[PDB]
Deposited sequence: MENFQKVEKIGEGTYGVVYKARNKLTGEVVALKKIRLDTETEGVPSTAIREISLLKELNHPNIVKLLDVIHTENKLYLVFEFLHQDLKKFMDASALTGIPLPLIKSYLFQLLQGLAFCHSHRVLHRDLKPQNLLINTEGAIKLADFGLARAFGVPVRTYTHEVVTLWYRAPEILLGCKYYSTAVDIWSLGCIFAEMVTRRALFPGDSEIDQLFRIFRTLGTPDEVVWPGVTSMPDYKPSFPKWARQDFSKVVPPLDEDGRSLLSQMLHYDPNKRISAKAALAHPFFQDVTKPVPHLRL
């Protein structure tokens, strides 16, 4: 678009590339996202116009939606750094737990907000979680999935062929990120759909009708699925204290219906002593 001067590519999103750009008129720096050709379906337009409404302190604000020359651009407020870069930058000493807890609390609030509006993210990952110098973290790419690649944070029901998943898939994704921040290593680093699923099974044990009633008749479930035993969280996420492990385990429940909500999670004892530390980031 003419009213923007790309400064650089800051990422390769799902539905198009993201650029840091400066508005030629206002002068403000922003994050410009180019979408994707039939001319941009109507349904897409409206889904996008709704996302322009749900504003929350923990959600990257969608400033303007530009549909020019049958092209689609989303203009989002610009954030200082993504969670991924900050995580890598903290691989030596690790993110202070008080900061980890603050980031989780905020993210859960964002999801809580989105879920109450029946809007799901569906593709949460360290790359689309954004942070700023003020101690804040926000969700980006929200609602775009519906409107319109790592498998590490994908919920088991999505891997098993379930077509009408719920908001609980986001809760699962967040739990995987929560653990990653704590251990400084990906929880389930799969490299193909079956490897992802089996990595989950190996750590949490293969699901059955007991822990997940109905799992055995899901579209892609195979009874030939190996039978792995469930590992203890003390081995999976040290040095996470008990309240943390207790919370993580509920975020990682197989049955999407037993999986903790963002709402309930915010009331978990893990957040009783939550503060809002400021990060030491290099821009």
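Numbered from the first deposited residue, the unresolved ranges run 37-40, 153-163.
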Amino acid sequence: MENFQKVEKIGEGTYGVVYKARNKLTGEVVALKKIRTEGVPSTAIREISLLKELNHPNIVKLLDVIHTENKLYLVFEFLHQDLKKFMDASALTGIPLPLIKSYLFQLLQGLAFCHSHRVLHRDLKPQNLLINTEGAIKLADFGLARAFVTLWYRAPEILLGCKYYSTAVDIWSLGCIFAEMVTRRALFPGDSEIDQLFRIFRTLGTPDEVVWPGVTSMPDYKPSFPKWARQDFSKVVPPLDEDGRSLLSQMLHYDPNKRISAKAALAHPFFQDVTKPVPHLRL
From here on, numbers count along this sequence of modelled residues.
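Think of the rigid core as the biggest set of C-alphas that the two forms share within 1.5 Å after superposition.
Between 72-80 and 122-130, the larger mean CA deviation from the shown form in 8 other deposited structures of this protein, after core superposition, belongs to 72-80.
Fitting each structure in 8 other deposited structures of this protein onto the rigid core and averaging C-alpha distances over structures and residues, 138-146 emerges as the more displaced of 110-118 and 138-146. Looking at the other PDB entries for this protein, residue 38 is absent from the model in a third or more of those that include the residues around it.
Annotation for 60-68 versus 38-46: the higher mean temperature factor (C-alpha) is found in 38-46. As listed in the deposited structure, the average C-alpha B-factor of 220-228 and of 245-253 is greater for 220-228. Annotation for 103, 86, 78, 142: 142 ranks highest, by Cα B-factor. The residue among 263, 259, 24, 268 whose C-alpha atom has the highest B-factor in the PDB entry is 24.
Residue 146: CA B factor in the highest third of modelled residues in this chain (values from the PDB entry). When all modelled residues of the chain are sorted by CA temperature factor, residue 73 is found within the highest third. In the deposited entry, the Cα temperature factor of residue 92 places it in the highest third of its chain's modelled residues.
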